[PDB]
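Colleague: Those letters in the sequence shown? Residues 11 to 340, by PDB author numbering. Ideal Cβ placement from N, Cα and C applies to all residues, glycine included. One structure, as structure tokens, below. Some questions next.
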Amino acid sequence: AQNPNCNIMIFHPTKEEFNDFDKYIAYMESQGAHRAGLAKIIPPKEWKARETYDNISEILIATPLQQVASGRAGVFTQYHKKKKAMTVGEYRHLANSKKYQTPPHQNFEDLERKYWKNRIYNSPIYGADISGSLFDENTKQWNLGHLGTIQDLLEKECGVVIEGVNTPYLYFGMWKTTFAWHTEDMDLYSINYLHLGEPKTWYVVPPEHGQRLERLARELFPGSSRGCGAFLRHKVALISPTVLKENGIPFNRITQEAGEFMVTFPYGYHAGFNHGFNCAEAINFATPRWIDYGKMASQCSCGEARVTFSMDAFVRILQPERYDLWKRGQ
Ligand SMILES: CS(=O)(=O)NCCNc1cc(C(=O)O)ccn1
Ligand SMILES: [Cl-]
Ligand code: NI
Ligand SMILES: [Zn+2]
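Structure, rendered in structure tokens:
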């Protein structure tokens with residue numbers, strides 16, 4: 011068995027290996043990459059996403075989200091308070107202001123310690139989930155706006171056409187902005203490209219151990235767990251690496267830098283934070299191996315988790331017994 015300890019693997023494809031996206035995902039899995047839940051891909055030196063980032067300041071962040079924490083330093087939830095619209099140029103200036111800028115630090119480990127010590131005492135503002143793309147249309151390799159669609163994958167594997175579209179999203183971050191513990195909708199894959207700026211640190215639980223994280227979360231967030239049997243799908247709960255280690259939860263960590271891709275695999279729980287002003291682009295995708303995960307994925311039906319129009323058909327076709335109850339939740 012490849013990668014039996016479930017370590018995060020790092021890949022360096024050549025320019026020729028970077029041509030066929032599906033083929034390279036399958037290659038990574040043949041080496042055991044999916045057992046970690048997350049892999050890093052460093053593009054060949056000949057590749058570029060676009061020519062420059064000098065002309066992005068007029069993009070609008072229509073609803074910046076202030077991430078307000080409750081709890082204790084290592085076990086907390088966050089809620090999102092909507093703020094007035096601002097451009098990317100205005101957001102970058104805000105991220106770099108004395109109130110929000112990254113503190114002095116010696117290395118990524120020092121900054122990680124500062125994050126877990128001090129995150130709850132501040133409320134950073136995240137420009138998350140903006141529909142759009144920063145890839146140049148002439149970039150033909152690993153262009154997140156030109157991947158095969160999940161709807162076409164389901165049709166190819168199972169035989170019928172479904173409605174729906176999926177397109178990429180942009181995330182403009184600042185110091186301490188946080189993504190909570192979650193798997194993707196319907197336990198899909200995701201791919202994330204860090205276009206510009208300061209790093210993004212990731213934590214991940216191997217898919218084979220995801221239930222261990224779920225059990226700990228129910229113990230640590232007892233009211234939330236009573237309200238919804240899949241409450242991690244609300245994307246609001248944080249648990250620190252120290253607390254995970256105290257409870258014996260298997261996990262790994264890695265820092266992503268500008269110019270690097272991260273792929274999350276089906277049922278790979280992940281969480282993390284931004285080091286400073288940055289911009290990432292992300293999209294969900296599927297492969298033939300995803301189908302059995304989609305068939306078994308848990309659902310939030312309590313009302314909290316977001317309406318995503320494309321998920322309707324995935325539940326309808328893969329989980330017909332659950333569809334009626336799930337639909338009432340939407
Ligand atoms: C911000 S959230 O906690 O309300 N929703 C999190 C949505 N999922 C994500 C977000 C990131 C990211 O921010 O880079 C990376 C991977 N998965
Ligand atoms: Cl700090
Ligand atoms: Ni995610
Ligand atoms: Zn729920």
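May I ask you to check if the CB of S200 is nearer than 6 Å to at least one heavy atom of ligand 3?
Modeller: Yes - ligand 3 has a heavy atom lying nearer than 6 Å to the Cβ of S200.
Colleague: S107 by DSSP, collapsed to three states: which one?
Modeller: Coil, per DSSP.
Colleague: Report all residues for which the CB-ligand distance to some heavy atom of ligand 2 is below 6 Å; order them along the chain.
Modeller: Taken from the N-terminal end onward, the list reads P113, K124, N128.
Colleague: Which term fits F145, buried or exposed, when burial requires 16 or more other beta carbons within 10 angstroms of its beta carbon?
Modeller: Classification for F145: buried.
Colleague: Does ligand 1 have even one heavy atom less than 6 Å from the beta-carbon of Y203?
Modeller: No, ligand 1 has no heavy atom inside 6 Å of this Cβ.
Colleague: Pop quiz: residue 386 and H192 are said to be a contact at Cβ under 8 Å. What is the actual Cβ separation, rounded to whole angstroms?
Modeller: Given a span of 11 to 340 for the chain in the structure shown, any question on residue 386 remains unanswerable.
Colleague: Excluding the 5 residues flanking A83 on each side, which residues of the same chain have their C-beta closer than 6 Å to its C-beta?
Modeller: Excluding sequence neighbours, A83 sits near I130.
Colleague: How about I259 and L230: are their beta carbons less than 7 Å apart?
Modeller: The answer is no: Cβ separation not under 7 Å.
Colleague: Output yes or no for whether 7 Å exceeds the beta carbon distance between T73 and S80.
Modeller: No, they are not a contact pair.
Colleague: With contact counted as at least three CB pairs below 8 Å, one residue from each stretch, are the segment 275-282 and the segment 179-199 in contact?
Modeller: They touch, by the three-pair rule.
Colleague: Could you compute how far the alpha carbon of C168 sits from the alpha carbon of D64?
Modeller: About 44 Å.
Colleague: Using only the alpha-carbon positions, how far apart do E256 and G220 sit?
Modeller: Spanning the two alpha carbons is a distance of roughly 17 Å.
Colleague: At what residues does the beta strand (DSSP E) containing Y125 begin and finish?
Modeller: Run containing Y125: none in the beta strand (DSSP E); it sits in the alpha helix (DSSP H), 118-128.
Colleague: Among the residues of its own chain, which have a CB less than 6 Å from the CB of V273, if the five just before and after it don't count?
Modeller: For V273, where only same-chain residues beyond five positions count, the Cβ hits under 6 Å are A49, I201.
Colleague: How would you call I71, buried or exposed, if buried means at least 16 neighbouring beta carbons within 10 angstroms?
Modeller: Buried, since its Cβ has 16 or more Cβ neighbours within 10 Å.
Colleague: Would you check whether ligand 1 has a heavy atom nearer than 6 Å to the C-beta of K93?
Modeller: No, the beta carbon of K93 sits no closer than 6 Å to any heavy atom of ligand 1.
Colleague: Leaving out five residues on either side along the sequence, give the residues of the same chain with a beta carbon under 8 Å from the beta carbon of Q161.
Modeller: Hits under 8 Å: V171, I172, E173, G174, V175, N176, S320, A323.
Colleague: Is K245 a contact residue of ligand 1, with contact defined as CB to any heavy atom under 6 Å?
Modeller: Under cutoff, so the answer is yes.
Colleague: Determine the DSSP secondary structure at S250, reduced to helix, strand or coil.
Modeller: Note: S250 maps to coil in three-state DSSP.
Colleague: Taking the alpha helix (DSSP H) that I301 falls in, what are its first and last residues?
Modeller: Element bounds for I301: 300-306.
Colleague: List the DSSP bridge partners of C289.
Modeller: Per DSSP, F182, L206.
Colleague: Suppose contacts are defined by Cβ-Cβ distances below 7 Å. Is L154 in contact with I293 by that definition?
Modeller: Yes.
Colleague: Measuring CA to CA, which of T297, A240, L248 is closest to residue 2?
Modeller: Residue 2 cannot be examined here, being either before or after the span of the chain that is shown, 11 to 340.
Colleague: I52 bridges to which residues according to DSSP?
Modeller: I52 pairs with nothing; no bridge assigned.
Colleague: Any chance you could list the beta strand (DSSP E) runs of at least 3 consecutive residues sitting entirely within the segment 142-203, in chain order?
Modeller: Counting only runs of 3 or more, we get 179-183, 188-192.
Colleague: When DSSP labels each residue in this structure, what does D139 get in the three-state scheme?
Modeller: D139: strand per DSSP, three-state reduction.
Colleague: At the level of alpha carbons, what is the spacing between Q76 and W336?
Modeller: If I take the Cα positions, the gap works out to 29 Å.
Colleague: May I ask you to list the residues that DSSP assigns as paired with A281?
Modeller: The partner list for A281 (beta bridge, DSSP) reads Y213.
Colleague: Excluding the five sequence neighbours on either side, which residues of its own chain have a C-beta within less than 7 Å of the C-beta of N29, listed in chain order?
Modeller: If we look at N29 and ignore the five residues flanking it on each side, its Cβ neighbours are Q151.
Colleague: Considering only their Cβ atoms, is the gap separating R102 from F287 smaller than 7 Å?
Modeller: Yes; because the gap between Cβ atoms is below 7 Å, this pair is in contact.
Colleague: Near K124, which residues of its chain fall below 8 Å by C-beta distance, leaving aside the five closest residues on each side in sequence?
Modeller: Hits under 8 Å: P113, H115.
Colleague: DSSP beta-bridge partners for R82?
Modeller: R82 is bridged to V85.
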